[PDB]
Number of protein chains: 2
Amino acid sequence: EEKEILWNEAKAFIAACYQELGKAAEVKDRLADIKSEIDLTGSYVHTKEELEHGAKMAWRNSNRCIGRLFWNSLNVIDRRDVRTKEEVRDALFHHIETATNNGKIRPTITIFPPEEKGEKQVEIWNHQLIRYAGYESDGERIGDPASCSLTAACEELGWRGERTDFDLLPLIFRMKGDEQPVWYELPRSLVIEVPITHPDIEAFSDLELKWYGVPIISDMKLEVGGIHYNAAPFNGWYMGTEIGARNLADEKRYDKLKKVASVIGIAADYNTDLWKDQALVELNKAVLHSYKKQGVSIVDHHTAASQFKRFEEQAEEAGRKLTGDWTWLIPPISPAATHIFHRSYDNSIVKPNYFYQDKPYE
Amino acid sequence: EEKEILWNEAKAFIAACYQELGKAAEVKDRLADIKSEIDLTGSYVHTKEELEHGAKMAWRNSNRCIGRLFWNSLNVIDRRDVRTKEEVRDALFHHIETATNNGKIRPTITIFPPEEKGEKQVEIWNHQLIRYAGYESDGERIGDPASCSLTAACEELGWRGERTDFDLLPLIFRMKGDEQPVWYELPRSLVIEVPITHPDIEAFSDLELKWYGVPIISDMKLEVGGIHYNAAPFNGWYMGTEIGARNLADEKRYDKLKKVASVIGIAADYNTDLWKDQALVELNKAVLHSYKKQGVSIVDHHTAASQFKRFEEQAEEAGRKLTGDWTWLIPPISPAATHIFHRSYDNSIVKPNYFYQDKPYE
Ligand code: HEM
Ligand code: HEM
Ligand SMILES: N=C(Nc1cccc(CCc2cccc(NC(=N)c3cccs3)c2)c1)c1cccs1
Ligand SMILES: N=C(Nc1cccc(CCc2cccc(NC(=N)c3cccs3)c2)c1)c1cccs1
Ligand SMILES: C[C@H](O)[C@H](O)[C@H]1CNc2nc(N)[nH]c(=O)c2N1
Ligand SMILES: C[C@H](O)[C@H](O)[C@H]1CNc2nc(N)[nH]c(=O)c2N1
Ligand SMILES: [Cl-]
Ligand SMILES: [Cl-]
């Protein structure tokens, strides 16, 4: 059934991809080639054009993504040639640098060799390439709780963090044929960070908050025409609410709302004062102001929803069915102030797409 | 199939209802009685106890309701005896008065005679018993746009509104055997209203906002054991966000955010200033403060979500499956600050329940 699955997905992908690229005539022969290559090799190899367009289609089909208007501008880096952990490490380093682009973030994806027979060539352990460590001893929480398990595995392997609230985790990945992963400290010169200040409340700096510039998701599988790229880290820029309404706000993350309330001079005693709501607003204002001030790309949730509406309009104009996950598309603050909240979306899964895969640790 | 549908629902309802009431022994005989009554009459009549508990179960099963912790305290008024439009009008008047209770709102439902053979005895046209009119001539919007069609039908029938932004619509309903509905102006002494002021921004009163005290949904069908009560208006108290984040905020409702922004002294020019979010917070603070100050029951969304968590815990303890509609349960502001946002809910429909029915006008 496996060869048959591959061949079926390959058939559907190549037709659609070539159709979009005005290459419909070449479909018959390319599929012949693929059909034989599968017969022989047990798989097939995408052309540079198929791989690039496949990665773009996968972003366009990601139901949970509000940022999909810019799907066609994705910068696709082909690293199917890597064989060594040095080459992987350097490809990751390069990704960070070229995506960051001095703060003018470029949506980029780096594609590593695909799974062979469900056998990984490269297995990335990081959730994001740049992320903060999290610790818990004796009921003292330090850093990012979401990083607790990964941080414990890293320290198992000889890494030690300084136990600030913002320790950068090392890149950590395993190669086919190694029983253990390697880890490399991130060069500080590579990682842009943004201190969080408020446009008019000077005391906000007393919180000593910061966040990293570029979110680079490194644990999802890209699937294109039956080929499974388990290692294909990708990045855009942040929507401000991801940092201000979730990473820094959630009780199980940095849990900063009470501290925000105090520095902005409001009581955090009564539900009916809406102190959490007010704190959320000022913190989210701070995040947007801080990124724009430092010259690091970011989008607020209103602008992002406006862009997404254009995505919807563009999909209809191109004759493509639109798919989306309403529960992920609405922003975590003022969602009813966006058009997204007031309509419905078909949550069907269309391929190519990005998918979750099991963590190698835990 | 219809008698069979009735008998099947009646079988399921009576068993469950009597079980909850510790009356399991009486199930066999009561169902015998019902079985024969259906055979004869084409239907059956609930006992006072069945009707009351049925109305309570229906609230408990309403997936979209965050206020369900208090389901068992529902005040059920049995008005299956009404035959005249005078009796209907007075029952509606009475509902408003006893639910309002000088501001200490009592969750109440008034139950009118059920449909016979899908034939309505009483057909209520109002969406809520207390609601504001909406007008549109020559591109001037006046009042509540959501009331536009109903307002047009009322004026068709001889009613005329003063065309303030807050005209109270008349009660309007039709009786079986009348071709037209009647309408009765609401006695002002019956309707509590709350002027919207802000705890520390005095200028907020310049907006001259107000809202009514008690939301009384009068267009849904209550279904209990196969009997269809198309006319059964019910009320709780407001969650503050329904007024501050939707009724007064939505572009297609009162659309007040820009005006709020101005009176609280912030620019409404840049998305990245989060002026809409800030306006939402201050307006919602105003709504809660104004109701509590006047002594009219209201709940903020945080307290409401805390109560709902208790509802979930109580359901599990009673061995009842919990059902809910995630997209309706999350509040329209700071939803990620409630536990609701971070879990999932089974959206199955269980009966008894409240259901939508087609409007008689439009
Ligand atoms: C260009 C700027 C972009 C913005 C502002 C943006 C915004 C977002 C946001 C806010 C989410 C929700 C994440 C969460 O709540 O944790 C999301 C999800 C997602 N985005 Fe984007 N995105 C962008 C670019 C991209 C790119 C370049 C890709 C891939 C090529 C992508 C693929 C996805 C996927 C797969 C998800 C869902 C992940 C999951 O299910 O866990 N996005 N996006
Ligand atoms: C006691 C105070 C109550 C509060 C605070 C409350 C809160 C809410 C809220 C906020 C909604 C969402 C409405 C919207 O977004 O427009 C809702 C929906 C609902 N509530 Fe409640 N509720 C209460 C009592 C009741 C009662 C007494 C009943 C019936 C006996 C009821 C049945 C429902 C139903 C059926 C819906 C959904 C209606 C629809 O689908 O359109 N609730 N409730
Ligand atoms: N702005 C962003 N935000 C963003 C975009 C996509 C995903 C995410 C993180 C979403 C998320 C949140 C919580 C858990 C997970 N992962 C899982 N639930 C997993 C299950 C199994 C392995 S991981 C993913 C954040 C971007 C990053 C990269 C491109 S855009
Ligand atoms: N706090 C409340 N809020 C509340 C509770 C239930 C319902 C509502 C209104 C929900 C709503 C909003 C928009 C449209 C509709 N109705 C429809 N979509 C219809 C379809 C067909 C006929 S009406 C209902 C508001 C309460 C009122 C009564 C008891 S609690
Ligand atoms: C289409 C979309 O589901 C719709 O706008 C819903 C969203 N969730 C909601 N939630 C509540 N409480 N009330 C509403 O009117 C709506 N509208
Ligand atoms: C259970 C629930 O669906 C879950 O918490 C979702 C809700 N919607 C979300 N939406 C976004 N954008 N990001 C998230 O992490 C979540 N979490
Ligand atoms: Cl993140
Ligand atoms: Cl309302």
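If you check the PDB entry, chain A appears there as NITRIC OXIDE SYNTHASE OXYGENASE from Bacillus subtilis. In the Catalytic activity part of its UniProt record, chain A is described as follows: "3 reduced [flavodoxin] + 2 L-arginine + 4 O2 = 3 oxidized [flavodoxin] + 2 L-citrulline + 2 nitric oxide + 4 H2O + 5 H(+)". The UniProt entry for chain A carries this comment under Sequence similarities: "Belongs to the NOS family. Bacterial NOS oxygenase subfamily."

*Asks:* Mind showing me how you'd approach the relation of the copies chain A and chain B here?
*Replies:* Relative to chain B, chain A is turned by 180 degrees and slid 0.0 Å along the rotation axis, the superposed coordinates differing by an RMSD of 0.0 Å. One copy is carried onto the other by what is essentially a two-fold rotation axis. Of the C-alpha atoms belonging to chain A, the one lying closest to the rotation axis is found on A:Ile333, 2.8 Å away.

*Asks:* Help me out: how do you make sense of the domain arrangement of chain A in this one?
*Replies:* You'll often see interface size given as the accessible area lost when the parts meet. Residues and elements named next belong to chain A. Parsing chain A into structural domains produces domain 1 (1–80 + 107–117 + 221–235 + 305–329), domain 2 (81–106 + 121–192 + 356–360) and domain 3 (193–215 + 238–303). Taking the mean C-alpha position of each, domain 1 and domain 2 sit 27 Å from one another. Contact residues are listed per partner, giving 20 residues for domain 1 and 20 residues for domain 2. Taken together, domain 1 and domain 2 are joined by one salt bridge. As a salt-bridge pair, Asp-81 and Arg-79 come within 2.9 Å of each other at their nearest N and O atoms. Here domain 1 and domain 2 share ten residue pairs in polar contact between them. Looking at the side of domain 1 that touches domain 2, the elements with two or more residues in it are β1 (75–78), β2 (108–111) and β13 (234–235). Considering each element in turn, the side of domain 1 that touches domain 2 owes the most residues, three residues, to β2. In the side of domain 1 that touches domain 2, the residues fall into ten nonpolar, four polar and six charged.

*Asks:* When you look at the sheet that holds strand β13 (residues 234–235) of chain B in this model, what are you seeing that I'm missing?
*Replies:* Strands belonging to one sheet form pairs held by backbone hydrogen bonds; the direction of such a pair is parallel or antiparallel. Residues and elements named next belong to chain B. With mixed pairing, the four strands of this open sheet are ordered in space as β1-β2-β13-β10. A single partner strand is all that each edge strand has here, and the edge strands are β1 (75–78) and β10 (216–217). Where β10 meets β13, two bridges bridge the pair, whose relative direction is antiparallel. By the bridge assignment, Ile-216 is partnered in β13 with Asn-235. Contacts from helix α3 (residues 48–60) reach β1 and β2 (108–111) within the one sheet, and its direction differs from that of β1 by about 135 degrees. Set on the sheet, helix α4 (residues 85–100) makes contact with β1, β2, β10 and β13; between it and β2 the angle comes to about 165 degrees.

*Asks:* Help me understand the site of ligand 5, please; the structure alone is not making it clear to me.
*Replies:* Lining the immediate surroundings of ligand 5 are A:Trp326, A:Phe341, A:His342, A:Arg343, A:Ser344, B:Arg246, B:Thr327 and B:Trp328. Ligand 5 sits at the junction of chains A and B, each of which supplies nearby residues. One of the backbone nitrogen or oxygen atoms of A:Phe341 is found 2.9 Å away from an oxygen atom of ligand 5. For ligand 5, whose unbound accessible area comes to 400 Å², protein coverage reaches 73%. For the shell around ligand 5, a count of residues per class yields three nonpolar, three polar and two charged.

*Asks:* Help me understand helix α1 (residues 2–20) of chain A in this model?
*Replies:* Given 3.6 residues to a turn, an α-helix orients residues that are three or four positions apart in the same direction. Residue and element names in this part refer to chain A. Taking 1.5 Å of rise per residue, the 19 residues of α1 would be expected to cover 27 Å, and the 27 Å separating its terminal C-alpha atoms lies within 8% of that figure. All of the buried residues along α1 are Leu-6, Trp-7, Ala-10, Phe-13, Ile-14, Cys-17 and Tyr-18. With its buried residues spanning 140 degrees around the axis, α1 presents them on a single face. What points out from α1, more than 90 degrees from its buried face, is the exposed set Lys-11, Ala-12 and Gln-19. Once α1 ends, the next one or two residues include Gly-22, with phi positive near 60 degrees.

*Asks:* Just to check I follow, could you spell out the environment of B:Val45 for this structure?
*Replies:* All names here are of chain B. Take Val-45: it is sitting in the loop between α2 (27–41) and α3. With 182 residues separating them along the chain, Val-45 and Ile-227 place their C-alpha atoms 8.4 Å apart. Leave out the neighbours within four places in its chain, and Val-45 touches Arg-30, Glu-37, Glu-50 and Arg-80.

Here is what the cut-offs are and how they apply
- Residues numbered from 1 in each chain as written, not as in the entry; some residues may be left out.
- Chains lettered and ligands numbered in written order.
- Heavy atoms only, no water.
- UniProt positions renumbered as here; feature names shortened; annotations may be inferred.
- Least-squares fit on C-alpha atoms.
- Domains from an automatic or database assignment.
- Contact = heavy atoms within 4.5 Å.
- Salt bridge = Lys/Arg side-chain N within 4 Å of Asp/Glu carboxyl O.
- Polar contact = N/O pair within 3.5 Å; in protein donor to acceptor, adjacent residues only side chain to side chain.
- Helix = DSSP H or I, 4+ residues; strand = E, 2+ residues; numbered from the N terminus.
- Nonpolar A, V, L, I, M, F, W, Y, C, P; charged D, E, K, R; others polar.
- Pairing = 2+ DSSP bridges.
- Axes fitted to C-alpha atoms, helices over the stretch in contact; angles between N-to-C directions.
- Near = heavy atom within 4 Å.
- Areas by Shrake-Rupley, 256 points an atom, 1.4 Å probe, with all protein chains shown as cover.
- Expected span 1.5 Å × (residues − 1).
- Buried < 20%, exposed > 50% of the residue type's maximum accessible area, 1.4 Å probe, protein only.
- Arc of directions from axis to C-beta.

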